[PDB]
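Structural description and commentary
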Amino acid sequence: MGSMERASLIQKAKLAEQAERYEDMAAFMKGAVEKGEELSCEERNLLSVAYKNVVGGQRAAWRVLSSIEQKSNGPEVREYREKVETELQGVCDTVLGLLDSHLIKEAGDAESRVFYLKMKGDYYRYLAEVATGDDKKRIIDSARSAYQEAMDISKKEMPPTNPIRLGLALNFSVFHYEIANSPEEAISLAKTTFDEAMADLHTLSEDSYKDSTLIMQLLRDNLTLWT
Amino acid sequence: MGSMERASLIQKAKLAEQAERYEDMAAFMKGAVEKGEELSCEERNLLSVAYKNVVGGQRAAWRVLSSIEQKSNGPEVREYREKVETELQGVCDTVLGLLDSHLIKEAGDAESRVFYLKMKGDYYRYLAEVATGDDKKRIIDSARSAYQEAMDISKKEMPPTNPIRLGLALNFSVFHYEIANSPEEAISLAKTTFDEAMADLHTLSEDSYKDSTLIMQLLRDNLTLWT
Amino acid sequence: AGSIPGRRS
Amino acid sequence: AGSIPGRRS
Ligand SMILES: *Cc1ccc(S(=O)(=O)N2CCOc3cc(OC)ccc32)cc1
Ligand SMILES: *Cc1ccc(S(=O)(=O)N2CCOc3cc(OC)ccc32)cc1
Ligand SMILES: [Cl-]
Ligand SMILES: [Cl-]
Ligand SMILES: [Cl-]
Ligand SMILES: [Cl-]
């Protein structure tokens with residue numbers, strides 16, 4: 001995408017989302033990041049939406065294939081699961097590479113830095129979902145470390161209802177439950193996050209209230225599933 | 001896919017459908033066709049499902065982008081619509097190439113030959129949906145000719161409830177209404193097809209009855225929309 | 001107007 | 001368990 005203008009890449013990413021062409025969307029946003037400038041709030045959301053949708057489809061396919069493979073236990077199911085897994089790992093590696101070169105290091109405001117570190121935790125978490133080898137523990141720890149740095153910044157710099165702070169806590173709680181084998185930590189984090197947000201809702205406008213309560217409902221939905 | 005066994009490609013196409021990985025599915029089925037052997041009934045359905053789903057997503061995206069472009073009337077919307085259009089045309093050309101080299105010429109049984117000629121009509125119809133230039137009339141006529149040959153064979157060789165005969169008539173009626181600007185021909189074809197199938201339902205088993213009535217309902221749904 | 005789906009579903 | 005969606009929808 002080196003020959004296309006930054007503004008054109010952003011415009012086409014928005015069009016690709018409307019057309020539900022998320023692979024295109026991610027390619028346009030990768031091109032935009034590689035222009036080397038920082039991303040605005042809206043542009044960070046375009047980047048996240050694009051890759052979250054691409055990897056989300058890969059994860060769903062990997063889970064279908066992994067279920068078939070486990071029931072089976074020719075080489076075809078394992079080979080095809082391995083092919084999907086390698087493609088998923090490649091996308092995660094691409095996103096992590098964008099964050100490392102150089103989105104995180106240039107992000108000084110709490111909102112941007114937390115957003116990118118939450119993404120870093122997420123993409124290591126997706127790698128951890130499929131990991132089995134010598135590096136599985138290290139992948140899990142890399143997710144944990146990214147989420148923890150994001151949490152530390154968010155608690156110092158953002159109110160407890162901030163939607164990025166809330167989504168980070170939601171995702172880190174999923175990490176604890178599904179990856180780290182720490183369901184009590186997951187439940188504690190979701191509960192404390194929910195309760196501290198509830199007590200700050202009185203400060204919010206109607207539109208901010210809507211955002212915060214929508215994510216609080218996701219925390220509650222997980223708590224209902226886990227308890 | 002030249003190095004993968006035919007049977008493995010077929011198996012992986014079935015897995016790809018279960019995982020909703022239709023681009024993979026189409027690539028596996030293209031590889032299977034290129035082994036040079038004829039396709040069984042089940043394999044013909046895998047080929048059609050794969051490409052129908054790939055091009056169906058491209059068509060939906062092209063329609064979103066074309067709507068935005070027409071409302072707008074920078075170069076970005078037109079450029080991106082053109083990119084999606086070119087990719088759609090490429091897939092249609094690929095399918096048509098498989099049918100021409102050499103699925104149709106080797107198909108002697110009425111069921112296989114009608115199935116492939118119906119596909120040929122469909123992929124020229126998808127090309128016609130996006131065509132505007134010197135060849136638009138010729139693309140429309142190519143769809144018409146393929147559907148007409150399929151119709152002639154189906155009326156001689158298949159009962160009026162045969163599901164391939166019914167689906168062919170359904171799709172040719174859509175061609176008449178949406179492409180050829182012949183809504184009366186579309187309505188006549190759908191009505192006559194429905195009525196002749198109705199009068200043959202008494203000959204069918206319960207499972208064949210289900211197949212035929214399901215497609216008859218699609219004919220009726222179109223008639224209700226068109227009248 | 002609808003054309004034939006890939007599968008009976 | 002659900003993680004955050006890409007959009008409010
Ligand atoms: C064009 C066409 C292809 C295949 C068939 S089918 O094998 O009889 N079959 C499978 C494909 O979709 C389908 C739909 C249906 O009701 C909607 C009934 C049977 C099929 C039929 C036509
Ligand atoms: C991790 C995270 C990213 C973005 C946001 S947001 O900008 O406040 N926003 C858009 C993304 O999805 C979303 C969902 C929601 O309720 C489900 C509320 C706000 C958003 C928040 C967290
Ligand atoms: Cl520039
Ligand atoms: Cl900065
Ligand atoms: Cl072989
Ligand atoms: Cl033959």
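Above this text you will find the structure in question.
Residues numbered from 1 in each chain as written, not as in the entry; some residues may be left out. Chains lettered and ligands numbered in written order. Heavy atoms only, no water. Residues with missing side-chain atoms left out of burial classes, pairs and counts.

1. A short note on the pattern of salt bridges
To be explicit about the condition: When a carboxyl oxygen of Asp or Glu lies within 4 Å of a side-chain nitrogen of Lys or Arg, that pair is called a salt bridge. Comment: elements are numbered from the N terminus, with helices defined as DSSP H or I runs of at least four residues and strands as E runs of at least two. Each residue's exposure class comes from its accessible area (1.4 Å probe, protein chains only) as a fraction of the maximum for that residue type: buried when under 20%, exposed when over 50%, partly exposed otherwise.
Considering all chains together, one arrives at 34 salt bridges over all chains under this definition. Among the salt bridges present, the one from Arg6(B) reaches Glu43(B), with a minimum N-O distance of 2.8 Å. In this pair, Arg6(B) is assigned in helix 1 (residues 6-18) and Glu43(B) in helix 3 (residues 41-72), connecting sequence segments 37 residues apart. Residue classification places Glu43(B) among the buried positions, given a relative accessible area of 13%. When the shortest N-O distance is used, the salt bridge between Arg63(B) and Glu129(B) registers 3.2 Å. Through salt bridges with shared partners, one network takes in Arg21(A), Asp24(A), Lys83(B) and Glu87(B).

2. Brief notes about the site of ligand 1
The cut-off we apply is this: Any residue with a heavy atom positioned within 4 Å of a molecule or strand is treated as near that molecule or strand. We call two N or O atoms a polar contact when they sit within 3.5 Å, provided that within protein one can donate a hydrogen and the other can accept it, with sequence-adjacent residues counted only if both atoms are side-chain atoms.
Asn45(B), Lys118(B), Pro163(B), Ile164(B) and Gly6(C) are the nearest of the 14 residues found near ligand 1. More than one chain lines the surroundings of ligand 1; the residues nearby belong to chains B and C. Between ligand 1 and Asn45(B), the relevant distance is 3.4 Å, taken from an oxygen atom to a side-chain nitrogen or oxygen of the residue. One of the backbone N or O atoms of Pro5(C) is found 3.4 Å from an oxygen atom in ligand 1.

3. Looking at the relation of the copies chain A and chain B
Using the following cut-off: Least squares on the C-alpha atoms is how the copies get superposed. Should any heavy atoms of two residues lie within 4.5 Å, those residues are considered in contact.
For these two chains of identical sequence, chain A goes onto chain B by a turn of 180 degrees and a shift of 0.0 Å along the axis, with RMSD 0.0 Å. Expressed as an axis order, the relation between the two copies is that of a two-fold axis. When C-alpha distances to the rotation axis are compared across chain A, the minimum falls at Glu23(A), with a value of 6.2 Å. A shared binding surface is used by both copies, with 100% of the interface residues of chain A retained as interface residues in chain B.

4. Comments concerning the interface of chain A and chain D
For clarity, the cut-off: Defined here as a combined quantity, buried area equals the accessible surface (1.4 Å probe) lost by two parts on assembly, summed across both. Here the term charged refers only to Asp, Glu, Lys and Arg, the term nonpolar to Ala, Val, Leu, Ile, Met, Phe, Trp, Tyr, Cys and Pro, and the term polar to all other amino acids, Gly among them.
The interface is formed by 19 residues belonging to chain A together with eight residues belonging to chain D. Of the roughly 1100 Å² buried between chain A and chain D, counting both surfaces, carbon and sulfur atoms make up 53%. Looking at the side of chain A facing chain D, the largest losses of area belong to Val49(A), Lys52(A) and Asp211(A), adding up to 30% of the total buried there. We note a salt bridge from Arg7(D) to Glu17(A), for which the minimum N-O separation is 2.9 Å. Where chain A packs against chain D, one counts four residue pairs in polar contact. Taken together, the elements giving at least two residues each to the side of chain A that touches chain D come down to helix 3 (41-72), helix 5 (110-130), helix 7 (163-178) and helix 9 (206-226) of chain A. Among the elements that line the side of chain A that touches chain D, the one with the most residues is helix 9 of chain A, at seven residues. The class makeup of the residues in the side of chain A that touches chain D is nine nonpolar, four polar and six charged.

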